[PDB]
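Chains as they are written, first to last, in the numbering used here: chain A, 1 to 241; chain B, 1 to 252; chain C, 1 to 245; chain D, 1 to 204; chain E, 1 to 232; chain F, 1 to 195; chain G, 1 to 247; chain H, 1 to 212.
All remarks here apply to the structure that follows.
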Amino acid sequence: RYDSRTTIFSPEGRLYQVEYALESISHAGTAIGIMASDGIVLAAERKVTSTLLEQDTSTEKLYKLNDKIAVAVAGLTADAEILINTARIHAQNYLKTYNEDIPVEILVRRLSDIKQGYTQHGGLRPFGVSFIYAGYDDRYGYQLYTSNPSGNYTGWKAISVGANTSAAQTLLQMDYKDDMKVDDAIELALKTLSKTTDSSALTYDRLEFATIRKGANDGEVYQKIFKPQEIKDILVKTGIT
Amino acid sequence: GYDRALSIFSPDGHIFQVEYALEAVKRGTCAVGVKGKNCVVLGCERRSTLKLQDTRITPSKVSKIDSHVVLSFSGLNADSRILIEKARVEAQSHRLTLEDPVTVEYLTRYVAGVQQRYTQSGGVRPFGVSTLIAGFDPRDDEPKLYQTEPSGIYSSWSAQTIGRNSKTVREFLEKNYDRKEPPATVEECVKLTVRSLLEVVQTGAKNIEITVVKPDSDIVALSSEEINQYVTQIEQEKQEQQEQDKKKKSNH
Amino acid sequence: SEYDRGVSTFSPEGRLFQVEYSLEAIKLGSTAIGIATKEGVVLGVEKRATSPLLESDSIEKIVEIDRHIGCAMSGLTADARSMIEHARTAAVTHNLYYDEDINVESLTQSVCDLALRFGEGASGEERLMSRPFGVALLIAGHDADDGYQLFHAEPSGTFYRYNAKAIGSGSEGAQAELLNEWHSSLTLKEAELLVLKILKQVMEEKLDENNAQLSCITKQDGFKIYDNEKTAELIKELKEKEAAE
Amino acid sequence: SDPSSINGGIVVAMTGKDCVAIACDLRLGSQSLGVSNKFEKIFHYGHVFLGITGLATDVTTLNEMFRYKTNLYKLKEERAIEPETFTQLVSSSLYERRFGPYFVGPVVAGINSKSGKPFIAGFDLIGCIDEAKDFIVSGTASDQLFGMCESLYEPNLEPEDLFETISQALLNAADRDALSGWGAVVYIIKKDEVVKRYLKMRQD
Amino acid sequence: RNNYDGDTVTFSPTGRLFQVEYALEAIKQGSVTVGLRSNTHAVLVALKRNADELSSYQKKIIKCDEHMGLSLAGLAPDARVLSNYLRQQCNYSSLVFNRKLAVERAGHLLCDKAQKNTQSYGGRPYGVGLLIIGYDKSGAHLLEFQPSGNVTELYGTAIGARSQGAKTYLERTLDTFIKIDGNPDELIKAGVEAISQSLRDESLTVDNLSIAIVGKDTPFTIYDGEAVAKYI
Amino acid sequence: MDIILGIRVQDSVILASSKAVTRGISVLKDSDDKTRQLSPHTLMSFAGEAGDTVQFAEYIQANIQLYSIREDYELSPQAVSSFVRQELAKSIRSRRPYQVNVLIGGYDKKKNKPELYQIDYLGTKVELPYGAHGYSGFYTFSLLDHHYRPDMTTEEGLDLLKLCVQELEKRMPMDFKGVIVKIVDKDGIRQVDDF
Amino acid sequence: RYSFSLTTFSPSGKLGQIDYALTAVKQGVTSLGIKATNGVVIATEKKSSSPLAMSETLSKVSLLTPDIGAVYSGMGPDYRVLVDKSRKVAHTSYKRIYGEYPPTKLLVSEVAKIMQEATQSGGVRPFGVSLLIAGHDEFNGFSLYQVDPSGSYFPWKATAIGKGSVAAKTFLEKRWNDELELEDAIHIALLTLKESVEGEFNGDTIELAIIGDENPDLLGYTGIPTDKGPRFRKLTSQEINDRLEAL
Amino acid sequence: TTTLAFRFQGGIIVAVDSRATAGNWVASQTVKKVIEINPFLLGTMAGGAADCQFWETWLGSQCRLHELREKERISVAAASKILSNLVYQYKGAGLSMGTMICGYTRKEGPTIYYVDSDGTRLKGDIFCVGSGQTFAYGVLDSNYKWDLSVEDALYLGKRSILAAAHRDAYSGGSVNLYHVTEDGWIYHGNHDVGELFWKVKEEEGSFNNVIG
């Protein structure tokens, strides 16, 4: 119809192919980034589990981009793979050239342009992956963004991608407090994943989590991926288990 | 078919992909441009949806192309990004080649050229993005405001509305604004851009963004307070209007 | 019919439907009328605006090609942006190689050669143009080995020499009138006012100096784009003339 | 002469019982004119320490380049690169331009994390692993350093004594060369502490 | 069926392609020309058609080289290409081999040129018929080039609209014009007759006739306007 | 032929460049400019081969200013000098041998201090508070450091640059026909007339 | 129109080609891996489809590196190209950047990356197979992994794929223990695979190999202590038999 | 070759000679050495003659192209910089150049840029290019003023070419001056050196080691 090429537009004056790719992101699980002035928590959901699934020796919805920017993953992992690798390469290409770590804003911009190119040119598929980017660069402090499949970006103070977006967003903005705390944000995340996800228990092995903090020294940022057994201790504290 | 590609001329001499690109513009935000005699105001509607959206780190709908040429855009933001980057790179290149700053005319003709090229081929669709390019000439004062379309046609217009429900703004802009005598002051100019946008927002001074370009490489983007002060002055003169009708009715 | 979706592609009449389709795009355009006389070629146009804010004398429909070839255009300005630049290139590179004012007839062929390309590559010329152009041109100039000439360029790569030709919406009404009123004996002043007479009739707007724009190629004056004060003077001379009639 | 000989700079590394020492001069020279006295030459990417001697332009660009590959490595594997594995990376980068090679002579120093064995290696213009566990030298005074280090060296040294051995080795050799000296710096890599100690010394 | 006419890479069950026959039709849609020849001269006589009477015709004779030249019938975009290549081969022979290129071999490279776009996807068989006349070492020749690329050495043929009436004029009188030699005027007289039978609803004008001649000591010359008013 | 000098004080970089351009055995014009500004707080004085100076300086001027516009905030001196070293590093292994040595003296706004770099034609950047290139550095590396103290004021350092001009005039056999001095601070870049 | 290119998507997301690609996997024979705390056992079967056809010319168990073997489930021919490429990239991408045989996680990604390129193009079919890749390195230990047609990979404690997937999956869940040795795994592997065909089982029809301890025997050379023999080992037909007698 | 150019208030005088020399053989004593870029820009030939002839006509084709494209007159700055890029691309390939592009425009005033093949573009007010550039500066400076009459300015270029032509071996032939105004150059003819030199002797009292 007007799915038939990616380089043709519908008489409505939308593009069905892109819209369709946007629906691709609602067959994968929730990912939540909340920015606080005292840190960013990055949270991700594992949409597949089994009792023989090894998932306790692996990170796969948390990928470090350089030493100061990391992303959370929602969507197809095959789609994700190619763009994460490219992003890591460009961000650190900036490091070589300019002898400073890449600003958060430029690297998202670079990557959103490449997405638009796959729709604009050739007969390639658009990519149905929504990444929440969390970084630190001196020129605007903590910085949070997230990217659409279309190939554009918007800033946020909190955002949710993945499945059941509409509900999840509702829940976040009800319970947000403008100053926030890094600890209160983690707690908020878990509260939200618990409700959108049908895994009622919401166990450690179903959660990936990363916190970006400047608490390690000053002027120096430490990105710490939470490891499984640690994820289990903070569910007791919030009472979920 | 016959709308299935750009390489189909169609049995009516219309390129459907150019037509559908046009329809695309409407979905983006409203934008209005108004020239004075010592300014251009380049104004845009600023979208809101949530108060968890930043405005701190997030692009505006206005982007400085160089330092004396500016651009506002309407359409898909995703599409527009690539448009804006190319427009900028060329504007810097212009001084690589000649050692002059860019002309306003040179630039708009180029950005339509880039889409026209895309339109011409069949492999690639053109962008669904219309821009207003505002600026002043290299050494001179003479305000310049220009329009581009996805077809790759460019024009000059004294004043112009593009984006969501362009026509309904347009008619109002037409009536109040004149070709014969454009706004005296930069101040008066800005408020006219505010009247136009007021309509399309509903309520707001927080979903209205104002920027000014003036000659001599002067670009300033006006603070939010000053926009709030102006939406309130427009409501104050508007109240004077309601009453003035009541008085006129009593007299006669 | 249904054979028109490719970049060639016949057609039981034996025509290229794609090529033909682009002809009807020209009727979309704004009327453009030219009248050759042995004193010069007068190129007039119609300018259409969608609102009076559109700055009428900022849009291009008459353009300078070199210093002695001018063109008027009707159709898409998108398709004309590439087409015109080619013709400019051509004329400037001809002066480079030979120190000669390009011939009207050869300049026409030059335009029309780019035009021929409709493929995505093919034997003979290499084609990159993925669709017909959707703009015809009137090419007017003066060489000194064949005088003042008027050509009509088509985006079909057919070029006809003409003595008076109109295209766009008002094409049909203009062409009938020009059939009953051509002479070899027209002065440049009769030619100018003939363009305005015909132009009002095939207009469906109101005629002013901003919905009109005349120009000439005469060797002495070179290519001269007229002023609006100048163009108004002729409009005034128009009203005076019908009184007598 | 050789562009490597023109700009100058020395790098010398050593082995001990669970320690390695790696030291350099601070001299930057462009011909006989001394440019700088306080530019270091040893860098590090992770806990693997790299020196680079030779032409200055390739010494800074190859610092940037190996940093660049190791930071990709780190992210991918989710662990810091080892010296053993970094010694191969070093040869591979150098071999990639044979007929327009980088004029440098790298020295690799570290101690493995997987075994804790002390590790060092030497390189050359177009590069190969040149293995020892004695010492590696490079630079314009490389010929002075090669004999000078050997007399002083004994195996199974403590980290604090290994310092004495390298310091002595570098300073006197540096002094008796025109395009080296001019201040120094030494890193002693224990295991998990690195002490960085700048040599007070006579200027050249 | 004819669902097969949309690709030139697809054959029919009747052992055809549809696009190549359609390209044949395209010739007929255009102007008309008659070629004929003698042993010491070759002649094309072609009708110039104009869009309207302020329009001043279309040049239907393209001079190839000073021993060869050709006329067109059908679509003009197509003709300009085929002509260009042919001229290129005549100039190549003259530079590198110091030869006037044979009419037979030149016609044969054109047949090979046609098949290049027929085989490959994209491009099309050309939609113009060409009649090439020339004078080489082996004396006068008249070749009939076709869209297909079938090349046919003939004493007289005619292509274009309602051209069957010229072949009837030429068929009756076949042996007569072979015997004419040394007199170009008389081959022109025969050609003028010929192109009369082809017309319907028209009459010959000094600017309808365009007469093209090459022979033994005469190079290729195209007569137009006031050089066709001796034989009007 | 050609001098470029640098000294950094506690709030400014003073860069200076020779007025003369000598192409051939004739001084091609006596008074000229021979510095171009990359950014509104970063200055590039240049000297080297013929007309490679100009092309390279214009190349770098476009590209640093490009990033400034996109981010909406000018690059630092650490980044800018580094960019330029990258370029030189390509250029010496490229079919086209640029032979342009430069000094990058800027004001870091985010750090709030001057930074003066010496970047060589070969492609080596080192931060240095007295650098130069050519045969400028052959006389004045010694002279500066003698009368230089860590602390200075802008008035002292200009006068110390005048001292260095004098030395250069006696014992260097090239004329410079004066020197130009632009002072780069936090308040922009300004021309200050000195001999 | 939704299902019939790699370039097209649906109003339910995804591509038709990935769903069908998954179907291709399940048409294959049953192949399985069980991870133990000191090893990984990898097993597959061979169906000769004639007594004339030899069982050894089919190689469904292939060394990628001599530390990392693989099997597949799916279409036979597709396997063969992908193994040839897997080696070819194993040496290129991380044996001239690392200069020794890749860690398990890395190669998993490189193999995964080829699958991803074979989805990425419009007009190029994705692979007919999903692999299991089991391997060893020092840093992440013994490990076992699945590379699915999409270009996506998952680490697993135990899994199975192919036709016998539903019976095998439910067996593997019940019978895995927290801690187990390799030797015990061989017996659990054998018992699971026998579900899939009965009365045609035996150590000539069953291909079984491991990535267990080094064998300095099969290293090929001696007197150099720093290097180790291959961790990968192919069990012979007589060795399968011994282990089968002991059940 | 002795070309020299100098701005004054009246315009720009471009003064050039007409003797091209191969070696011991004198190749021509009549050669035009102002290549007329378009009505408004005058270039000069020195260095490689062949290079200068072709590319300067080429700058000229680009001038017309630029004029069409913008609907405004080229800038002096724009013309030079294009020629400067062009020659920088081919550097070191048997390309050599010795041009001043001289122009007087009603938006930038009189301007001279010397362009060289090695990518030098240098702004000046006095230039001299050639083998006789050495000789040209001498006379030219000492009798120069920014306030100078048109008639005297032409006189000034007449004495400079002759003083160089006398003492240079490769220079002579004829003296070609051109004066560029806002409405473009006016050619001031060809004056044979021979004849002209003697008149200048009587009036000025110069050339005393020449007895006639």
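Note that CB positions come from ideal geometry on N, CA and C, so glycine has one too.
Whole angstroms is fine: what's the gap from residue i's alpha carbon to residue j's?
i	j	result
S93 of chain G	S92 of chain D	12 Å
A112 of chain B	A102 of chain E	51 Å
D11 of chain F	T154 of chain F	8 Å
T8 of chain G	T29 of chain B	29 Å
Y169 of chain E	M68 of chain E	25 Å
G36 of chain B	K182 of chain F	38 Å
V104 of chain B	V27 of chain F	40 Å
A166 of chain C	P150 of chain B	28 Å
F139 of chain G	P103 of chain G	8 Å
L28 of chain D	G123 of chain F	13 Å
Which residue marks the beginning of the alpha helix (DSSP H) containing residue i, and which one marks its end?
i	result
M148 of chain D	142 to 152
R231 of chain G	That residue, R231 of chain G, is in no alpha helix (DSSP H); it is neither H nor E in DSSP.
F54 of chain H	49 to 70
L107 of chain G	104 to 120
Applying a beta-carbon distance threshold of less than 7 Å, which residues of chain H neighbour residue i?
i	result
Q65 of chain F	Under the 7 Å cutoff, chain H gives no residues; its nearest Cβ is about 17 Å from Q65 of chain F.
Could you work out which residues of chain G lie near residue i, taking near to mean beta carbons separated by less than 8 Å?
i	result
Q31 of chain D	The contacting residues do not exist; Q31 of chain D stays about 37 Å from chain G at best.
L50 of chain D	The premise fails here: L50 of chain D is roughly 17 Å from chain G at the closest Cβ pair, so nothing lies under 8 Å.
Going along chain D, which residues have a C-beta under 7 Å from residue i?
i	result
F139 of chain G	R79
Applying a beta-carbon distance threshold of less than 7 Å, which residues of chain A neighbour residue i?
i	result
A79 of chain F	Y98, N99, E100
List, in chain order, every chain B residue whose beta-carbon is nearer than 8 Å to that of residue i.
i	result
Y176 of chain A	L52
Find the residues of chain F that neighbour residue i, judging by a C-beta separation of less than 7 Å, and give them in chain order.
i	result
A109 of chain D	Near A109 of chain D there are no residues of chain F at all, since even the closest Cβ is about 23 Å away, more than 7 Å.
For residue i, which residues in chain B fall below 7 Å Cβ to Cβ?
i	result
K157 of chain A	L52, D54
Which runs of the beta strand (DSSP E) fall wholly inside the stretch 15 to 98 of chain C and span at least 3 residues, in chain order?
32 to 37, 40 to 45, 62 to 64, 69 to 75
Please list the segments of the alpha helix (DSSP H) lying wholly inside the stretch 2 to 74 of chain B, counting only runs of 4 or more residues, in order along the chain.
16 to 25
Three or more C-beta pairs closer than 8 Å, one from the stretch 163 to 181 of chain H and one from the stretch 12 to 20 of chain H: is that the case here?
yes
Three or more C-beta pairs under 8 Å: does that hold for the stretch 7 to 16 of chain D against the stretch 31 to 51 of chain D?
yes
Three or more beta-carbon pairs under 8 Å between the stretch 203 to 222 of chain C and the stretch 119 to 128 of chain C, yes or no?
Between the stretch 203 to 222 of chain C and the stretch 119 to 128 of chain C, the count of Cβ pairs shorter than 8 Å is below three; the stretches do not touch.
For the stretch 11 to 28 of chain F and the stretch 171 to 179 of chain F, state whether three or more C-beta atom pairs, one from each stretch, are separated by less than 8 Å.
Yes, since at least three Cβ pairs between the stretch 11 to 28 of chain F and the stretch 171 to 179 of chain F fall closer than 8 Å, the two stretches touch.
Give the list of continuous beta strand (DSSP E) stretches no shorter than 3 residues that lie fully inside the stretch 182 to 220 of chain G.
206 to 211
Would you mind listing the alpha helix (DSSP H) stretches within the stretch 171 to 242 of chain C that are 4+ residues and don't spill past its ends, in chain order?
171 to 178, 188 to 201
Within the stretch 209 to 241 of chain B, note down every full alpha helix (DSSP H) run reaching 4 residues or more, in order along the chain.
none
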